[PDB]
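As structure tokens, the structure follows; a few thoughts come after it.
Each answer follows from the model by the rule given with it, or from the source it names; no laboratory instrument gave them. Backbone-built Cβ (ideal geometry, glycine too); neighbour counts: all protein chains shown.
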Amino acid sequence: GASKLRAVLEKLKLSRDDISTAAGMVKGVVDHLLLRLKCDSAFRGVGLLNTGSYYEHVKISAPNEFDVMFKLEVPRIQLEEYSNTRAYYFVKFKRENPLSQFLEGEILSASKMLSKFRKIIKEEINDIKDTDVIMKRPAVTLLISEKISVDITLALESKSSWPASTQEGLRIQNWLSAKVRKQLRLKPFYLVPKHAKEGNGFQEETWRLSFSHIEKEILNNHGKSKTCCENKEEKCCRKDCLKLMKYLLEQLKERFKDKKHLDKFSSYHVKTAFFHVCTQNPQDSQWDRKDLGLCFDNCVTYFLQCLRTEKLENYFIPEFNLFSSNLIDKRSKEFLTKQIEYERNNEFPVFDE
Ligand SMILES: Cc1ccc(-c2cc(C(=O)O)c3c(c2)ncn3CCc2ccccc2)c(Cl)c1
Ligand SMILES: [Zn+2]
């Protein structure tokens, strides 16, 4: 039961120094790219966005896979929703500025910005032989010494009120309080470019709303009680359940690598499902450390439901379905449904030693 799960968590602790070292490699490469981008007139305002809950500038999204976000302070943004998608928007500037070279009419071109961003980085990773860095295809994906991959996301920062599509999102009122929800909604939001001809290209220059910076505000301040996990009397298992969900997905993706059925699923999906379960189970007494196995089952059952019903709401944008057929094909969701069901009904053989 829970003892198999606690053993998994104890084993995860053994790779803490591998992780810390890789995160240091990433940090060096990114600092170097940061000062070069700052030379460019378009990217003079670039900086690192703190999104990690463990390491500040670097978020780990899988073993030796790391995520980094470069933000661009961008004033006076005017948004126009693209074809009722709730998450994708055209970016204009309320009535010159450094980004003027990327305009196509009033509209800021995602693909032109991405193109110069990529070009500057690809040119720059050529030029330090202290580490070996190439570029794969997240604006850019790097590979460091053929082992550690870094996804680098460029994002516009907007200090305006959040778009109306988020009005019913971040549904934390009954768990973390309406006061906290108000404070978090005073923070900036971010727009990440979607190339006009990439993916199944819209043929438009649209940007997706991004709230990845909110994760650390909540994951490390996660209780109904303000002192949850700050003393020995208030120990919950929220963080451990999330770790186990991520590890479940990681291990399944590894086992199904022969035909890569699970390529489209990521830790973002797991995290989104996990925080929906936090909304559903707002009391700290529902996450008692002694109940690790039941709490994990709660999390897996909800993820399974999302898979079977092909529905996983964006935590911030309820009308945006992360599991829509536009984003993940039906056979992928049907396939993972079957595997998650098997693991849950058989006490997670994927965690066996
Ligand atoms: C309580 C809470 C707080 C934050 C998050 C959160 C948000 C985002 C986001 O909206 O950017 C995340 C993320 C985690 N992990 C990865 N991304 C990035 C997604 C993304 C964005 C744009 C294009 C493609 C993909 C969650 Cl689920 C819950
Ligand atoms: Zn806690």
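For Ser177, all conditions in the list (1) touching a helix residue (DSSP H, G or I) at 6+ places or on another chain (Cβ under 8 Å); (2) in the same structural domain as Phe316 (by CATH) hold save one; what is the number of the exception?
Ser177 satisfies every listed condition except (1).
For residues that are touching a helix residue (DSSP H, G or I) at 6+ places or on another chain (Cβ under 8 Å) and more than 16 Å from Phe117 (Cβ to Cβ), scanning just the range 198-210, find the one that is nearest to ligand 1 (Cβ to nearest atom). Before the answer, list the steps.
Initial filter on the range 198-210 (touching a helix residue (DSSP H, G or I) at 6+ places or on another chain (Cβ under 8 Å)): 198, 205-207, 209.
Still in the list and also more than 16 Å from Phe117 (Cβ to Cβ): 206, 209.
Values: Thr206: 11, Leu209: 7 Å.
Among them, the one singled out is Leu209.
Being basic (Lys, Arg) and within 12 Å of ligand 1 (Cβ to nearest atom) is the filter here; which residues of the range 188-197 pass it? Before the answer, list the steps.
Taking the range 188-197 as the starting set, the residues that turn out to be basic (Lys, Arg) are 194, 197.
Scanning the range 188-197 gives a single hit, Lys194.
Conditions tested, residue by residue: (1) under 17 Å from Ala110 (Cβ atoms); (2) hydroxyl-bearing (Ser, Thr, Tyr); (3) surrounded by 19 or more Cβ atoms within 10 Å (Cβ to Cβ).
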site: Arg36; (1), (2), (3): no, no, no
site: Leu48; (1), (2), (3): no, no, no
site: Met69; (1), (2), (3): yes, no, yes
site: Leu72; (1), (2), (3): yes, no, yes
site: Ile77; (1), (2), (3): yes, no, yes
site: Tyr82; (1), (2), (3): yes, yes, no
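Determine the pairs where a residue that is under 22 Å from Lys179 (Cα atoms) and in the same structural domain as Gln283 (by CATH), located within the range 226-238, has a partner that is near ligand 2 (Cβ under 6 Å from one of its atoms) and outside any loop (DSSP other than H, G, I, E, B) with Cβ atoms under 7 Å apart, the partner being 6 or more residues away or on another chain.
Close Cβ pairs satisfying both conditions: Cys228/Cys236; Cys229/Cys236.
If only one of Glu168, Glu198 is farther than 30 Å from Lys224 by Cα and surrounded by fewer than 19 Cβ atoms within 10 Å (Cβ to Cβ), which one is it? Before the answer, list the steps.
Numbers: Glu168 fails: farther than 30 Å from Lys224 by Cα.
Sole residue among the options that is farther than 30 Å from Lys224 by Cα and surrounded by fewer than 19 Cβ atoms within 10 Å (Cβ to Cβ): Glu198.
For the range 177-273, list the helices (runs of 4 or more DSSP H) that sit wholly inside it and hold at least 1 residues that are basic (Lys, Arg) and touching a strand residue (DSSP E or B) at 6+ places or on another chain (Cβ under 9 Å); which are they?
Details: elements: 178-185, 214-219, 238-255.
By residue number, 214-219, 238-255.
For the range 106-121, indicate whether the set of residues that are of a type outside the set (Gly, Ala, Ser), assigned to a loop (DSSP other than H, G, I, E, B) and in the same structural domain as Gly47 (by CATH) is non-empty.
Let us first name the residues in the range 106-121 that are of a type outside the set (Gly, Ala, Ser), namely 106-108, 112-114, 116-121.
When the remaining residues are screened for being assigned to a loop (DSSP other than H, G, I, E, B), the result is 106.
Then keep just the ones that are in the same structural domain as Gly47 (by CATH); that gives 106.
Yes, that holds for at least one residue.
Can you find, within the range 110-160, the residue that is farthest from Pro193 (Cα to Cα) among those that are buried (at least 16 other Cβ atoms within 10 Å of the Cβ) and in contact with a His (Cβ under 8 Å, 6 or more places away or on another chain)?
The residue in question is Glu124.
Can you say whether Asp263 is more than 16 Å from ligand 1 (Cβ to nearest atom) and in the same structural domain as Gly1 (by CATH), as far as the supplied structure shows?
Details: more than 16 Å from ligand 1 (Cβ to nearest atom): no; in the same structural domain as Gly1 (by CATH): yes.
For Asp263, the condition - more than 16 Å from ligand 1 (Cβ to nearest atom) and in the same structural domain as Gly1 (by CATH) - is not met.
Just give me the residues in the range 171-195 being among the basic types (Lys, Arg) and surrounded by 14 or more Cβ atoms within 10 Å (Cβ to Cβ), in sequence order. Let's see the steps before the verdict.
Of the residues in the range 171-195, the ones among the basic types (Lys, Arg) are 171, 179, 181-182, 185, 187, 194.
Across the range 171-195, the qualifying residues are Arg171, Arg181, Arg185, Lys194.
Let me confirm something: among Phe303, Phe296, which residue is in the same structural domain as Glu10 (by CATH) and within 16 Å of ligand 1 (Cβ to nearest atom)?
Values: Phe296 fails: within 16 Å of ligand 1 (Cβ to nearest atom).
Going through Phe303, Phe296 in turn, just one is in the same structural domain as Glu10 (by CATH) and within 16 Å of ligand 1 (Cβ to nearest atom): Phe303.
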